[PDB]
Structure formats: C-alpha cells, structure tokens
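S.K.: sequence? don't have it. structure:
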Ligand SMILES: [Zn+2]
C-alpha cells in the first residue's frame, strides 16, 4: 500500500517501470476520460533562458507523446529556405563543382520562410513567389602593392578565401520592395566557402527554395530541439561529516549544496535540475543507499537552438501551429465524407 | 580538405569557427579552452574542429 | 579503404582513384601514426556510435 | 461465487533464492485450516513483508450476486459493487490439479496451480475444500491485508 | 568498417528525428548492433569509444599503442576516470530517449566516438 | 540475435505493461489487416490494471492462429536453465519441488503462455519449440506468420520501452 | 539552470 | 480535399463500423503517436493502435475498435479535436509566458 504518482525511480542495474499511470482505467478512481479543464489547470510553461538562438522553457504537465511530437516538428517539419540549384558559369577552384554545390546548400539564409511558398513540381524557373537568387563571383589576384613577404593575406590575396560576405542577393522580381536592403542575406558572413590562388575564379548563381528538414537536413531550422525529464534527488538520510563532500562530488557540482547548519557539515539538494545523469553515486558502495535519484513524471525541460533563420520562440510557435495544421487537415479531410 | 560547414551529427554551423579557432590557439590557449571559447559544448561539435585536417592548404600549392 | 590517396591530381592519369572528401585524423591513435605522418593522407572520419539494438535493420553485421 | 476463503500469514518471503525484479514469492500457511499457499505477488504495487496477515479469497466472479463474468474487460462497467473490500485483485486460470503423492494413505490432498499471467500460485490442502477448482478454469485472487 | 575488423554494410539511413537522442541533446550518427562483440571479442572497439569520447571532451589526443596498459593499470580504469572527470559516467554509458515513443529507455546505452573507414566495395560496382 | 534477448526479457516474470503499452505492442507485432483483435484481461486488476508481457505474446498468439482452428497446447523446457536466476543461496521448503513452478518449464495452455521464458528453445532453430509445434499442427505458412509477427513484436519492445546495449560494466 | 527569477 | 494524401478507411471483416483501420498518408510517428495518445483517453474505445507499414513508405495505419454502439469514426474525429484543443492551449500559454519573461527581463 504505497503510491508513487510523480517520479520515474531508478537504480543502477536498470530503471524500474516505463509507465505514468495517468490514463483511462489506470487506477481504482484515478480513471481518465481526458478532462480538458484538468489539463488547462495543471499545465504551465516556464522559460529558463532566452538569448538569441536559445530557449529553455519547462513545459510542465504534458505527456511524453505530445512533447515528442513538438520535438520532432522542430527538427523535421518547420519550413526553411535553402539553396537547391547551383548554376556554375566557370569554376577554376580546387573545390569541385558538386562539392561546391553541396557546401552551398548547407549555408543558412536569413529569409523568413513564411513569406514564400513551395515551388510546384517541375517549376524549374521559379518566380518572386517561391525563389530567392544569390550570386558569388570572386577572382583571386596578387596584390601589386606587396613586398617580399609570405603572409597569404598580404600577398597572393585580393580574394584568397571566399566567404559568405561575397554572396550578393539578385532581387528576382518586386522582392526589392517587401524586402528592405539588408533583410535577405546569408545568416553568417564568415563561413569559409573555398580558397583560391592567383588566377583562380568562382562564378555561380544559387537558387533557394522552401522545404522542411524532413526531405533534407539543409532545410532544418534548429541545431537541436531535444528535451529531458526533470531529475529528482532525495536524501533519505542526513549526510554529514565529510561524507557530505564525497556526496557533493558524485553529482554535477551545483546539485548538492553542502551547508554548515552546526559545527558539523550537512549536504542539502540545492538545485536538482543541474544534474546530469552520471550515476556516480552508485560507485560509492556506502552512499548508494542514502540517495534516491529518479525523474519527475511529466515535468520536461526543452532546449531549442536555431541556426539563425528565425528566433527560437517563433520556432516553437510555428511547431505548435504545424501540429495544429496536421490535426486540422485530417479533421477537414474526414469532414469531406 | 576544407572545414565542414555544419557539424554532421547535429547540424550546428562550425564553418565560421575555423579561423577563430586557429587564432585562439596562436594566442596561448589549450584546445579545450579554445573549443570552449567558441561555443562548442557537446563533444559531437568539438570533434568536428579538434580533429579537422586542413588539406586545402596543401592542394593549394601545386601550379595553377 | 576510400581515403586521401595523394595530393597531385590533374597529373596522375591512373585508371581508378578513390577519394574521400573530408577525412579527419583519429582522436585515438597509436604514437607511430605520428612518426610517419599519416595525417598528410587521412583515411576515415570520427563518428558518434551508440551500441544499441534499436532498429531491426542493424542485425547480423549490418549498420 | 467464492471457491475458497481464508486468513493466511506470511512465513517465508523467498526461500528458493530465484529472485525476480518486481515479483516476490511468498510462502504462507493458513490458520485454522493448515493449508499452504505459494504466491507470486507484484511487490512494487503491493508491498508485503514477513509476519504479515491477510484475508485471501478465490472467486469465479467479482459480482458476488450470481451473474457470470463475460470474459471481456471494461474499465467503464456500471455495476460497481464488485468485490472492492479487497486491495490486491488478480485474475488467472488454474492449469494443474494433482492429488498428493502418498499412496496406501488417505492422502486426499490436492495441489491447485493457478497462473496469473506469469505469477504462479499453488494452494495445497484437504481436497474437501478444493473441489470448486478444475483445470482451465478462470479465477480471481482477491487479497486484503489485516 | 572500424579499425578492429568490424565490417558491415549500410542497411538503413535512419531519419534524424527517429534516432534515440541522449539527455545532452546529442543523437548518434552510427548505430552498431551489440551482438558483434560476444563472438568476435573485439574489446578494442569498446575502449576506442571511451578513449575517443574522452578526447573529444577534453580536447586531448590519447594513444592506442599496444602493450602500454597492463592488468594493474587498465585501459578501462584510465578512460573511465577521464570520463568521470568530465561529468559523464565511469562505464561510458549515457542514457538515451526513444525518438519514436519519446520515453527514456530502461537500459542506459553505451555511446562514444569511434573512427570509421569507408571501404571501396560499393553495390554500384557489384 | 536481439529477437532472442528481447523475447527472453519480455517473457520473464516481472514485466508489467499498462493498457497503452500492452496495446501498440500487440498491434505493432500484428499490424493486423482483417477482423477484430482479440484482447486479454489484465492479470492484475486492482491497485492499477496491469498486464504481464507473457500476456502480450499470448494475445499475439491467439490472433495469428487461423480463425477456424483452435489454439494449441504445448509443454516443454526453456534454454535458460532455472539455475540462472538463483541469486542468493537456495533454502529448502519441505513440499516444494522448485521445478513445479519455475521459469524453466514452458507451459502454453490453449494458446496462452502461462509459464516459461521462451528463449531460443522456441522462436529459434531448436526442435519441438513453439514454432515447431505450430508448423506441425497448423502448417508451414502459420509458422512463418508466427515468426514474422514475433520478430516485429520483439523489435517494437526494444525500440519503444526498453533498450539493449553492451557496455564495459557487464564484461567487468 | 533556474526558470526566470 | 486530397483524395489520398489523407484518409483511406478499411472497415474490417464484415465491414464492422466498430472496427476501422484508417490509413493516414504523409504521416510519421509524430501524429500517429500523439493521436493514439489522445484517442486512448476515450472510455468508449476498446483498442487503439497505430503502426507504420514500411520504412520506405510514408503512411501510418491506425486501428480503432470501439464498444458496441459508436461507429469508431467519432473516436477518431474526437481525438483529433482534443489534440488540436491541447495544441491551441499550449500555444496560448507558451506565448503568454514568453511575453511575460520578455517584459520581466526588459524592465530590469
Ligand atoms: Zn554537433
């Protein structure tokens, strides 16, 4: 007669169970029929950090299926713009043509994909509606004003290294209005595309189309969008007297804060969230009996890091909206019968 | 040959930290401190720069 | 192994010549690998491998 | 619809030494009957200890009003007077009844083996009160500590 | 192939959202069935994984010279101490989630960095 | 390989599944195409309804066997000796033949696995197992169907809720 | 580290 | 609208309305698993399970077997609606939290 409703207990030789006991018929009284108000009451979102290119909200009180749906949407279904076709007029570089096209596909563009649309199948030409064109034209020459020196930038250098700065947007249609001068640009100005020697030249036109990270990774808008369940650490016994420090070393260092309540030293669990699961207490043989570390049941921690095309919060919003769009597409196709 | 533009396992863009990495190593910084000062947290990205062999500098030495 | 076979293309006119685009140098390697510089000619890439039975398509020597 | 009811007390927590993860094999022994019970119980849900008593019942229906069970599980059933005076309910089938070994002796004792998915039980004792059982018969094992 | 005689064909290209992600956000790029070890006894791959993960973590470069690590000074002890000094766990296992169900698998997985070679035999030629 | 370590760790005695892991593990082994899926009843009905993993294999076995034909009975031994589980020294109980109730004896009673681990001795290339008897009573197409569905089930199990690996702390 | 203060 | 990027329903043997298999095209484990979680909350369904037919293909099969009365197409169309309601609520809550944090940080 003992219920544990909220934690995923764990030892070393394996974890105890894979359930969450929050579904219909999963208890004598604790049965579920998807009370929507109970959800709307027990749900809360909390954001730990929001630099540019980072977010760490909490998303407390949701199941693993919905959290995983959100994570898989950000990685593979939120749309981005990226180079699909490369027209090469001349290329006397050491970098091949196909390898140059590949390298150009993996460069992130700062166009927001919500103002564009998908190119129809076999729309090779493209129009202001679905495409953005950029041009890289660079040639390397020796600089006339150079002494007998060997630094590659000083001599043998007008364009020794071709960067993303060298790529220039060719406004395709009326896109010069709508897009102000600096808005459509590659996100990073320092990505090394190639290297040149005097007499070598690159000249090409790149076409960027819309797409999702599912049919090619180049179109994916986040470095990673993973999540982790909130750890839980409980001191079953008061640790003290120089075993507190050994305890504080078997964890990521901020988790067990050793206070000094009396002349003796007491270890306390200051911040369970910092913990990385390393299970190094389980090697102690005397303190594996003192601490129980498990996971909180439906308390997640998310971390979204965008490449630079869209801000992270906008990414999460568009992910939730993409899931809603899936649901609505299937609802309206069902209503079609 | 040349620095990969995006880390393979994750996709994080590491193609702009090659010259910065080389500059922090010329200043006396260890490869660990250097990879930290560039923002490469998870070791999948750290291996992308730590173990890169720049062979574009040896191919760019035979005649035009 | 498909690796970096030589530095002088445009000159060899062999029959077949397999080239790997972006080789890396092993992070774990014997010290003799560094006596005969073998990083002038790298042979493979470092990969994050997990030893897990997860797919149903990686059994009996398949990866 | 009861086939057996008694008050046991745990004597051994796991003598054979085979140790499974969440399951514990209790060796009990009835009171006022001197019947024997080997019982695999899921102890993650229902912790049991030594020197512990519990009222144990075996049934063929949970309704305790005659109506047979339909063999279908509904968590939505509207007849909610099914036995709930019991904390741990299982549901298995008897797969072996074997009269005791002793020949030339009365030895009219029976051992009834029940399987509860994978958690086995064995009830051994005077046949007179193990007649309700028969191989391939579905039975519920209700339990309630004291 | 690895540097230990573990050759194998490429059977699938697993989507990047169906791969088991680790608690650090990472996601493997090679999945290697754990049943090639018991009969082939290539314990050098299990040490190379930990050595390479420790290298990528600390920015170091360890040597795999034969006969440098004895019974008294073991290789697993050395590299597990290296790992435990980086916040990871001694035995080299980090616990993953299922990229398909979203649940933390019950077993903690053995992940690391190993050096793969690509062989010259391709289905395009055979 | 991992269809043997998956089925041996699911059919072990202490594997309990909630209604939603029970389902989605039956339907993912079946992928059934015709007719209702005949489910079972929870082994544990009270503190929380829970299933057994042997019940997943059972309910996968009563759907594959052809509709008109009736489920089979089978009694045999497992490959994993009943001594592999003895952690702690064994003590003696006067009326207990420890092997009467052991994970070493496989007892399928009307298509429902009631005892036994179902390792290589079944599902495998060993004779007189579950698939060999399926091939005798119901033909060779039904044994092939059983093999397919059991492979799919044991893959879903390791891919969804459990995982198999081989680190250094099991060779240590 | 710690949701917003 | 789309004759086959969307739904194809196969009523079972005997065209039992209470046992249907929906084929959802261009869907992977994301919608499959979230929708199966949302349909399991309905006490009127006795079996819900999804599965991907083959890696090479892009389509999932849901299987809904409801109780005696309802036609098993209401459980599907209600799990969809509940999932979309949950997504809308999560979106509202997340945007409100982001706005509140932006204000708290821009003030100080
Ligand atoms: Zn990375």
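M.R.: Received it, and whenever you're ready, just let me know what you need. Numbering: from 1, shown residues only, chains lettered A, B, ... in the order given.
S.K.: Quick check, the residue in chain E closest to the ion?
M.R.: Closest approach of chain E to the ion (CB to the ion) occurs at residue E:26, with a separation of 7.2 Å. Just so you know, the C-beta spots here come from the backbone N, C-alpha and C atoms, and that holds for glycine as well.
S.K.: typed the wrong thing, it's chain H
M.R.: Counting by CB to the ion, chain H gets nearest the ion through residue H:30, at 23.0 Å.
S.K.: neighbours of that residue, just the number please.
M.R.: 27 (other CB atoms under 10 Å in any protein chain shown).
S.K.: That one: which element?
M.R.: Using DSSP states H and E, residue H:30 sits within helix H:29-39.
S.K.: and that helix, what other elements does it pack with?
M.R.: Packing partners of helix H:29-39 (3 or more CB pairs under 8 Å, 6 or more residues apart in numbering or on different chains; DSSP states H and E): helix A:64-76, helix A:312-334, strand H:45-52, strand H:59-66, helix H:74-107.
S.K.: Is the first one in proximity to chain E?
M.R.: Looking back up the chat, that one is helix A:64-76. Yes. Judged by CB under 8 Å from any CB of the partner chain, helix A:64-76 comes into contact with chain E at A:64-65, A:67-68, A:71-72, A:75-76.
S.K.: likewise the last one?
M.R.: No. Helix H:74-107 stays out of contact with chain E when judged by CB under 8 Å from any CB, the minimum separation being 15.0 Å.
S.K.: now check that helix, is it near chain D?
M.R.: No. Helix H:74-107 is not in contact with chain D by CB under 8 Å from any CB; minimum separation 13.4 Å.
S.K.: Identify each buried residue in that helix, please.
M.R.: By neighbour count on 16 or more other CB atoms under 10 Å in any protein chain shown, the buried set for helix H:74-107 is H:74-76, H:78-80, H:82-87, H:90-91, H:94, H:97-98, H:101.
S.K.: what helices or strands is it leaning on?
M.R.: Using 3+ CB pairs under 8 Å, 6+ apart: helix H:74-107 touches helix A:36-42, helix A:312-334, helix H:29-39, strand H:59-66.
S.K.: buried residues in the first one?
M.R.: Right, helix A:36-42. For helix A:36-42, burial by neighbour count (16+ other CB under 10 Å) applies to residue A:39.
S.K.: The second one now?
M.R.: Burial within helix A:312-334, assessed by neighbour count using 16+ other CB under 10 Å, is assigned to A:312-324, A:326-327, A:329-331, A:333-334.
S.K.: and residue A:154, that's in a helix?
M.R.: No. Counting by DSSP: H, G, I helix; E, B strand; the rest coil, residue A:154 is located in no helix; its state is coil.
S.K.: okay, now the residue of chain E found nearest chain D: neighbour count?
M.R.: At 10.6 Å from chain D, residue E:106 is the closest residue in chain E, using CB to the nearest CB. Using other CB under 10 Å, residue E:106 is surrounded by 19 other residues.
S.K.: what residues does chain C put near chain B?
M.R.: Residues of chain C lying close to chain B (CB under 8 Å from any CB) are C:4, C:7-8, C:10-11, C:21-27, C:39-40, C:42, C:46-48.
S.K.: Good, we can wrap up now.
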